[PDB]
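I have placed the structure first, in the form of structure tokens, so that the comments after it can refer back to it.
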Amino acid sequence: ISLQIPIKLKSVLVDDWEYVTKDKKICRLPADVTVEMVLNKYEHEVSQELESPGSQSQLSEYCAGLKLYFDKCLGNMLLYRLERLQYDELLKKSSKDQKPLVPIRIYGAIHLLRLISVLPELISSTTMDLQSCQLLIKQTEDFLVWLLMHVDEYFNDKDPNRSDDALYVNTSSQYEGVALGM
Amino acid sequence: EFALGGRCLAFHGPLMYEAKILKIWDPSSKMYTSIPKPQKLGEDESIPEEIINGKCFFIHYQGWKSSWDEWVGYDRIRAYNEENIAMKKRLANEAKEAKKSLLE
Amino acid sequence: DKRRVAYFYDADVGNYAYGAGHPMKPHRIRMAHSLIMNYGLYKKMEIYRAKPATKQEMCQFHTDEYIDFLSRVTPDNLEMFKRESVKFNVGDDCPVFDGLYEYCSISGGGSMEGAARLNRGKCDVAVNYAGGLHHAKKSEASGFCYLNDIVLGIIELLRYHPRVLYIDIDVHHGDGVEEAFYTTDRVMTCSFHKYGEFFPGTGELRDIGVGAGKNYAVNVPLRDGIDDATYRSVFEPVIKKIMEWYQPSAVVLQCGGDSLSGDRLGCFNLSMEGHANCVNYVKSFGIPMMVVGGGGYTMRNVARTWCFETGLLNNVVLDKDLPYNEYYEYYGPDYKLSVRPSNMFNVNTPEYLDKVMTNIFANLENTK
Amino acid sequence: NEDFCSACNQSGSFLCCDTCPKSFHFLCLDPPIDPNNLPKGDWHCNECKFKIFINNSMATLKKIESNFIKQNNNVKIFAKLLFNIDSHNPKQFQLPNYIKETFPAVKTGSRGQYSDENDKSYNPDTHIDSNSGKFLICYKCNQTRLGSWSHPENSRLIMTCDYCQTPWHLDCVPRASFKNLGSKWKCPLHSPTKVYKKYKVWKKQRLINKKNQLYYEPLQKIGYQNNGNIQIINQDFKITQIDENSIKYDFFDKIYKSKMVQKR
Amino acid sequence: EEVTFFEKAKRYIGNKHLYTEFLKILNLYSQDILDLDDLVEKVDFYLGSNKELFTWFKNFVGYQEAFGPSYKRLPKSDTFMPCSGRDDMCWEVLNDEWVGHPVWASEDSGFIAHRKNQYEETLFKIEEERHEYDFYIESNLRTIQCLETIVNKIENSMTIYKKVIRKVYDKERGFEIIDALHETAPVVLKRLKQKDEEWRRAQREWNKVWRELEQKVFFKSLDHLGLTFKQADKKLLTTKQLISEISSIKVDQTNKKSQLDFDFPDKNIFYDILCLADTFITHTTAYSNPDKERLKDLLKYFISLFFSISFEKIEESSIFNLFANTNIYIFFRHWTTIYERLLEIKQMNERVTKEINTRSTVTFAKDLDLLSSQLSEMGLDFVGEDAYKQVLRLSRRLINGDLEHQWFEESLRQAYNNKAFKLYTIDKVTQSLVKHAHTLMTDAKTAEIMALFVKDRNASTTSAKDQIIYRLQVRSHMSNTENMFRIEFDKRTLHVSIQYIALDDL
Ligand SMILES: [Zn+2]
Ligand SMILES: [Zn+2]
Ligand SMILES: [Zn+2]
Ligand SMILES: [Zn+2]
Ligand SMILES: [Zn+2]
């Protein structure tokens, strides 16, 4: 199924891949702009302008299922090998408190962005229908557009050397070694 | 795009064939430039009259023998870019669909 | 000068070998010691055997996990040590041998004691060739180095001196030492090294330091096979300007044999006297000195170099004939005390060097 | 078994399986397992676990139907995916083969890494073009400085920038050695493509396929605030056709304004 | 003036692509993006080649922290790693934020090592074997001394002994025997002493072998350009090489008459080259019998005419111009090359001989046991026999073929300390010079131009038409394609100037 990702989102995804794999930078976690809260803002800002009850409840279902799927798939299909070390570190830090893991409250705006890139590749290997796939694709497109309006605030240019609050952080030689050696 | 030794993609019916340029024609001087070059039209070299007065080029088709060298002008020799590759793939897919219709 | 020169040597440093083909052998220290002793120089220096350092002193700069892993790792216990091996770069480039901990403790103790003696005033000249591992930086073995005892030396000197100056002449850039003081303004690191597709790779010309260490780090990029007449010309004016301007209280010099002509890994065209020129110029200013020994993997050459330098520091010129040391076979056909440079073409053009001078001096124009 | 991780497709530490001949990195595993505390037992992949515990050739429909009916009332658009992702082995995240194709300036490295357009005794022949027989007149020095074979100590090295092929002396611009292993060298006669102004960051847009490239030309031709995406002669990456004389004009009154800010 | 700066920059850069980049940079500055200092640097890199236009730009625009490129910056999270000995002052002076990790600075590509000749590799192998022998012997000796100090105590620095015991008891029984000692000392001590004896014997035999191997290799290893020479020279002493040199010089000078310049201070070098050339000519079985004397006569006449040194002493051993073709010019360059080589050799000859005659020997064990008697048995060690003259003699020898190049080059290395490596092709350069003279005689046009030069030189008193008619006649004997070379010589100071008038005569 064809997906029409905006050109700016495609550029952002390319930049993320380059930063993670080429520059070895990893995401600055926990994000001040997380997946759960962006989804909440999206649902709040769209629902207040939408009056139809069916599409409003389907918006809530779409957001909840998106949160569930993101939580279920971050640790499986949405991480490079380099970020697996930081993922394991967060996992063990949470397990030290016997606490569960809530990726939507740690990751934000960019692992959600990378989440909807294999959706055509994920739905294709299912037994689900066509119009439900069409509905889901339309919902994703509307969410993408809403993000496109609020785009000057989720991916801002700050250098890790010039800004500690930069979206990316420089990694250590020991960290890079353990991550990319095993 | 269009230079001596450069790649080019030229039409041939409902499909295109990519070739490499060897001679560049100059209709004003009635002359072509070749590479191993100010030199008149060859004793065995000639161009069709509909492209003798146009910017014609001598090209060799890749995957084809050296005996299939052709003089193609600007009419079919397109500019090798992303659109050229996408459009070659498009007409290749249309040829595939025509073959499948002839079959199934 | 006529300086009171103290000297340190442990008789256990020649009994710790690296891998079979490994270019790093401290046996060169031992025949250098024999070159010093049989020349009758033992009557002119204060010989000592410094106490090996302990973990609490290596943790001053290195980390507790790193030091702990160092003290327990062994070629016998290596197979269960897999995460630390990759984590701290203790694999093939810096291999693990039988007495690694002992050698590191010896080098650190010797250099730290040398800085202590310089502080107390027992000697104005302390020499420790065992130390000089200017590549490891606080968490990882690098460039066959495992412990950067040099930074411990500067730490102890700074305990007494407001300003300490570090000079690196190894064809390898002093990466670990410059990193240790990239931000502070107490210490200037000045590394003369080969810049290119070389193992250090660092030491760029525009590396004046970050933070308060801005304009307090000098890097000298050089091309292949510089000779004495050009090395001295690029050496002396910059040292003059730094001494006149930064004006250190203490100063540390790294004397590596890697820049020697015909070094196993070196590519410079320095002879014996070209190398000794830098030592003479440094001793020409009077401030206390703590001489270490860094690079060099042609032990027949570095032993002669170190013996000549220890003769020079005592303000004497040693004989050109060998005193019939024990390892006589090592010293070539003529058995002289010199390093003969080769016929290779020096590519260091004067214009590039002049631009280097201009940049360095312009940067230093703000270091009263 | 395999010499690559089944998730990263790279060699290294391998926790191979027995039920299914697969090889995984310890980090490339969900959840990431510490090699220090080995499981010390039979380890099977997620697919193996599903094929053993669940995969009764017909009953799998019963399981998926049950999972769907425990989620049909709740979120059910994601119910199929939520069920099915439990049957899959973890994999390293890769772009979906078409976001990359949106930019004809990027290529994947060996193991999957990013790669772009900047990846890359006496030799007097280095000063010869060899296709026109001409010398390499450096821009800065306006010479080739060949020296001579008799006197090799007068020749000056040239790198001939890897982008616009401009010859340059190693001494005309300070440089210690040639660029051979790392990135492609570029002479300083090129645009910055990135600006830090006091902070604020500026970047030039990436190369897109000209199918999707939307070229545009303004009409004021004197004052028209544009980015660095100009052309000298989804609707977000429009490259301005700048009308070169407009560059001169815009520079002129800009210098005028820089004068009057301090003049009045 | 200010309204024509764009055209001036366009004409100065002289390119469209660089003009495109400069226009892009100017736009980037114009859109508030670029600041002033970056624009100033870009103009300095574009128009800074001139001291006038760039300064005009500088005063028209009124121009009037910095991180390094090899250091990253970790966030504050990677700062807290407890150091059990780090004092507060250590926390103050150290740095844990910025790290380089040269692999990051190496672009993850790698490092380029240095090139080493095979002789160096053999030296490395010998050094490694020596180091292993001595390290084993020293460890065994240290453990032997410790065991002696133990056994002399029991008659009535923590890993050396265990290591040497395990090496000696390599049957994995070392583990048990170490603890058995810790609670059998004499037997392990005597076994160590026996192993020491065998190791020292083998070390002595290997020392003999190593010295014998090294004595022939060492001088070769330091010969870096010398090994490559005699081969690079062959392709590097071609006519095309000299044409490329002179054309590069002329091209460089045409962006701002005496393109080439040589000086000839010495005189006896001319006679030395004459002697070597005659030795080769007599020795060579490649010319006719009268051709040998014809070549000798042409050489002597040309030397006694161009330089006018002596027409007779050559057999006992007003600025003059000269228009020449490629053949004569290349022959002249051959002569110049030989002259400069011999001048460099003879200039330091005095100190070379001084050092040779002052070569003392160590008598501790060198003169006692081992001496290098290979270059001395043949007589190529320059005892006395001033370096210049013995060099001339052995050059005549090698030309005459009674000396292989191996010992020639080994002697040149051991005598000049590799400083006479460019002499390894003296026979071939002389042969090329002889061939060039032979070509000079056998060409009609070259003979006519050569006679014209003879007339111009012997006239020594010409008219105001001197250059014009001479050049016109040389061109008439010539075609319209091959270049002229204006070789001038003033007898006042023995200086030769070459002008590369390629086709400017038209
Ligand atoms: Zn070194
Ligand atoms: Zn893996
Ligand atoms: Zn399995
Ligand atoms: Zn230049
Ligand atoms: Zn360029």
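Protein chains in written order, with PDB author numbering: chain C, 220 to 401; chain E, 7 to 42, 57 to 124; chain B, 17 to 384; chain D, 259 to 378, 400 to 477, 489 to 523, 534 to 564; chain A, 664 to 727, 749 to 840, 859 to 885, 890 to 962, 972 to 1032, 1134 to 1322.
Yeah, the Cβ is synthetic: ideal placement off N, Cα and C, and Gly gets one too.
Asked, Found
"Length at least 3, wholly inside the stretch 411-477 of chain D: the beta strand (DSSP E) runs in chain order", "473-476"
"CB of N824 (chain A) within 7 Å of CB of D902 (chain A), strictly", "yes"
"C420 (chain D) CB to nearest heavy atom of ligand 4 below 6 Å", "yes"
"Classification of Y38 (chain E) by the beta-carbon crowding that lies within 10 angstroms, buried from 16 upward", "buried"
"8 Å Cβ shell around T1262 (chain A) - same chain, five flanking residues per side excluded", "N1141, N1143, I1144, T1255 and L1256"
"Partner residues on chain E for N499 (chain D), Cβ-Cβ distance less than 7 Å", "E102"
"Buried or exposed (CB count within 10 angstroms, at least 16 for buried), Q510 (chain D)", "exposed"
"Test: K41 (chain B) CB closer than 7 Å to a CB of chain A", "yes"
"DSSP bridge partner residues for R1209 (chain A) (one or two, in chain order)", "The partner list for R1209 (chain A) (beta bridge, DSSP) is empty, contrary to what the question assumes."
"Pick from C:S230, C:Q223, C:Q277 and C:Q305 that is closest to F374 (chain C), judged by C-alpha positions", "C:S230"
"Selection of the stretch 308-332 of chain C by Cβ proximity to chain A, strictly under 7 Å", "none"
"6 Å CB neighbourhood of residue 1349 (chain A) in its chain, flanking five on each side removed", "Nothing can be reported for residue 1349 (chain A): it is not among the residues displayed for chain A, which extend from 664 to 1322."
"Cβ of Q393 (chain C) within 7 Å of any chain B Cβ", "yes"
"Three-state secondary structure (DSSP) of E1030 (chain A)", "helix"
"Chain-ordered residues, beta carbon under 6 Å from a heavy atom of ligand 7", "Ligands displayed in this structure: ligand 1, ligand 2, ligand 3, ligand 4 and ligand 5; ligand 7 is not among them."
"Chain C contact residues for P766 (chain A), given Cβ-Cβ distances below 7 Å", "Within 7 Å Cβ-Cβ: nothing; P766 (chain A) doesn't reach chain C, min ~15 Å."
"For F924 (chain A), the three-state DSSP class (helix, strand or coil)", "helix"
"Beta-carbon contacts of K1162 (chain A) that lie in its chain and below 6 Å, excluding the five residues immediately before and after", "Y1204"
"Test item, CB below 5 Å from any non-hydrogen atom of ligand 3", "D:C275, D:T277, D:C278, D:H302, D:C303 and D:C306"
"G311 (chain B) CB to nearest heavy atom of ligand 1 below 6 Å", "yes"
"C-alpha distance - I1242 (chain A) paired with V236 (chain B), whole-angstrom precision", "41 Å"
"Proximity of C323 (chain B) and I122 (chain B) at Cβ, strictly below 7 Å", "no"
"Heavy atom of ligand 4 within 6 Å of residue 387 (chain B) beta-carbon", "Here chain B covers residues 17 to 384 and nothing more, so residue 387 (chain B) does not appear."
"Amino acids of chain A, ordered along the chain, whose beta-carbon sits closer than 8 Å to that of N517 (chain D)", "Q694 and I696"
"Other residues of its chain near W91 (chain E): CB distance less than 6 Å, five sequence neighbours each side excluded", "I67, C76 and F78"
"Extent of the continuous alpha helix (DSSP H) to which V1250 (chain A) belongs", "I1242 to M1257"
"Interface residues of the stretch 291-321 of chain D facing chain C [CB-CB below 9 Å]", "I291, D292, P293 and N304"
"Proximal residues of chain B, C-beta to C-beta of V397 (chain C) below 8 Å", "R99, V102 and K103"
"Residue range of the beta strand (DSSP E) that includes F1136 (chain A)", "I1135 to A1140"
"Residue burial classification, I523 (chain D) (beta-carbon count within 10 angstroms, cutoff 16)", "exposed"
"Three CB pairs or more closer than 8 Å across the stretch 318-328 of chain C and the stretch 263-278 of chain C", "no"
"Coarse secondary structure for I322 (chain D), derived from DSSP in three states", "helix"
"Within-7 Å CB hit, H1311 (chain A) to chain D", "no"
"Spatial neighbours of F414 (chain D) in its chain, beta-carbon cut-off 6 Å, leaving aside the 5 residues before and after", "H406 and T423"
"Where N534 (chain D) meets chain C, residues with beta-carbon distance less than 9 Å", "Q223, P225, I226 and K227"
"Nonlocal neighbours in the same chain, by C-beta distance under 8 Å from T763 (chain A), ignoring five residues either side", "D780 and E781"
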